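Read the single chain below, which is given as structure tokens and is the form deposited in one PDB entry.
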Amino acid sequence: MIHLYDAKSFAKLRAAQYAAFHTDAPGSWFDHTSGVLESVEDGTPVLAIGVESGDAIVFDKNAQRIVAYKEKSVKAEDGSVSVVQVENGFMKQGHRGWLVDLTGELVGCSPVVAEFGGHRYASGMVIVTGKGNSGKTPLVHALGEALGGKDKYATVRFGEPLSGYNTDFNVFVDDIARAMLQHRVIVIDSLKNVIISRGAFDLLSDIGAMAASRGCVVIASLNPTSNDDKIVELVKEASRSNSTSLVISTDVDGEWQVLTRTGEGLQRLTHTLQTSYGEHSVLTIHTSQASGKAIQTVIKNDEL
């Protein structure tokens, strides 16, 4: 919905967003939204995500797909009215994204999802990319395990010529939806076949906000393989604007750079990670500051 502000209420919001990343307990936002979700009347639509065609499928709090749901309206304090309807397994009325308010007045945040090795990581979408010899898949799994901490991370596999890999987009968004509804740390191995159908474009622009609102983190590998400048710019835009955080490889093998967005219009943070391989290619992240647009852009041209 829309929000109204004066100098004072804006200063307050800025303070709360700052706290959502820097001082709240890591993973607390996820626990809070998990509660809001379990307070939902059973069978009520809580999330809608676009399929290949541009249509959306809808799920309930138990990650069950709702095939039918008679029209229902809800007027928010905003004055606006939200209407949801599901016919034959597809949304007839409503919108993509969360169909229940998980944030209230706490919007534009980057809820800390976890702390590891002395650094706080943001919820939302993290794109792992870069050129060079550092492997993306091993890094995505090591980050998944690290941010998970005491919790197991969820792995969504898509579009790789390996055994058991799903290659159907519609199954992919269904896997993604279920993961976000049930797990704080999510790994997506291969955004590649996504980088185009209306569904893929929707996913690219919707997932980061979906995750940030839930307080969960989605870690997706994006190999900028092609040298075709039209998708190169797409990968770069995804890395710059549809991602809450960016993890990109450097000149030095095994070393990565993390760029974190801490809130709407706030400064981006940056830090470096060292990594190494153990048996069967299992990678470990070793544990042993603000950046301006100038810096941001320099990192981005690495994609060229």
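Start at 1 with the first residue shown and count on from there. Only residues modelled in both forms are compared. We call the rigid core whatever largest set of C-alpha positions still superposes within 1.5 Å between the two forms.
Beyond the structure shown, there is the form deposited in another entry, which is absent from this document and is the topic of what follows.
Annotation: the position in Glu71, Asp78, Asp101, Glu233 displaced by at least 2 Å at CA between the shown form and the other one, with the core superposed, corresponds to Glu233. With the core superposed, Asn133 shows a C-alpha displacement of at least 2 Å between the shown form and the other one. Compared with the form shown, the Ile231-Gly208 C-alpha separation increases in the other form, the change being 3 Å or greater. CA of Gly208 to CA of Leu234: farther apart by 3 Å or more in the other form than in the shown form. Residues present in both forms were compared between the shown form and the other one after fitting on the core; consecutive runs of three or more with every C-alpha moved by 2 angstroms or more are 132-134, 227-238.
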